[PDB]
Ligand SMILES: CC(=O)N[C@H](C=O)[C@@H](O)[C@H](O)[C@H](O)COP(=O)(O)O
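Only one chain is given next, in structure tokens, and it is the form solved without N-acetylmannosamine-6-phosphate (LRY).
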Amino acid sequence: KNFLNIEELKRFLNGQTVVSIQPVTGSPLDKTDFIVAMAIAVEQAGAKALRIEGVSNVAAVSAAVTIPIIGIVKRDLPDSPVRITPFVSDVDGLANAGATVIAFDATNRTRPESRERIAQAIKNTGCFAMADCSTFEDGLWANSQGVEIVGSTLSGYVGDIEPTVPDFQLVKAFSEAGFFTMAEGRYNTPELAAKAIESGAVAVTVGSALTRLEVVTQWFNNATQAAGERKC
């Protein structure tokens, strides 16, 4: 009811930073109460959308905020490298929990259920679908399936060696192809995020730089401890 169609959401999210609230696993901060508190806080600060992981987290956050939620479930599978929403049971639970958008790994890797079935299942719930992509080919497949949103989420996370810079070229390619493009992955500063917008993204999703305190702490200490070594 809040969004009648995908074009309304696209206008709503134009130029927005979407806050992915996924604390470090095993941290004292990885607690539903703290995730909900962070969600409330960023809504009050003006954030227009969130990415939340876990069905019960999606349910708790949707009860506390009014802005739309992009829902995922992350799993460690025994026979597959796919992690982001790999089962239709996860799709069902995320929709029932109140996700507005459901995101899923759209790579063509070994997986327990076909990416076609995942995308179908999302569409049947009435949630918008978001394809977390690693290459341009992934998003072209997603668009061919009627997936509403394509993200660069998994670029740099499928092969050898994590790049450090964001994949701007994938964002440009997606947007020039007319896709509703979500820049996602390593946009660690407002300047890099803004550049994703200028590269054609509708919106940019930011996680670590906002909601992984341990990671940002280490960014700072890596810089200061190196400066203290140089001075020495």
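We number the residues from 1 along the sequence you see.
Another form exists, solved in complex with N-acetylmannosamine-6-phosphate (LRY); not displayed. Remarks below refer to it.
Notebook entry, point to check: Is residue 74 a contact residue for N-acetylmannosamine-6-phosphate (LRY) in the deposited complex, using a 4.5 Å heavy atom cut-off?
Noted result: Contact check for residue 74: yes, within 4.5 Å of N-acetylmannosamine-6-phosphate (LRY) in the deposited complex.
Next item on the list: Could you confirm whether residue 16 comes within 4.5 Å of N-acetylmannosamine-6-phosphate (LRY) in the deposited complex, counting heavy atoms only?
Entry: Answer no; every heavy atom of residue 16 is more than 4.5 Å from N-acetylmannosamine-6-phosphate (LRY) in the deposited complex.
Check: Even though N-acetylmannosamine-6-phosphate (LRY) is not shown here, does residue 54 get within 4.5 Å of it in the deposited complex, heavy atoms only?
Finding: Taking the distances in the deposited complex, the answer for residue 54 is no, it never comes within 4.5 Å of N-acetylmannosamine-6-phosphate (LRY).
Next item on the list: Answer yes if any heavy atom of residue 48 is within 4.5 Å of a heavy atom of N-acetylmannosamine-6-phosphate (LRY) in the deposited complex; otherwise answer no.
Entry: No, residue 48 sits far enough from N-acetylmannosamine-6-phosphate (LRY) in the deposited complex that none of its heavy atoms falls within 4.5 Å.
Next item on the list: Would you point out which of 113-121, 81-89, 94-102, 143-151 contains residues with a non-hydrogen atom within 4.5 Å of N-acetylmannosamine-6-phosphate (LRY) in the deposited complex?
Entry: Looking at the other structure, the answer is 81-89.
Check: Out of 183-218, which residues reach within 4.5 Å of N-acetylmannosamine-6-phosphate (LRY) in the deposited complex, heavy atoms considered?
Finding: Stretch hits, in order: 184, 185, 186, 188, 205, 206, 207, 208, 212.
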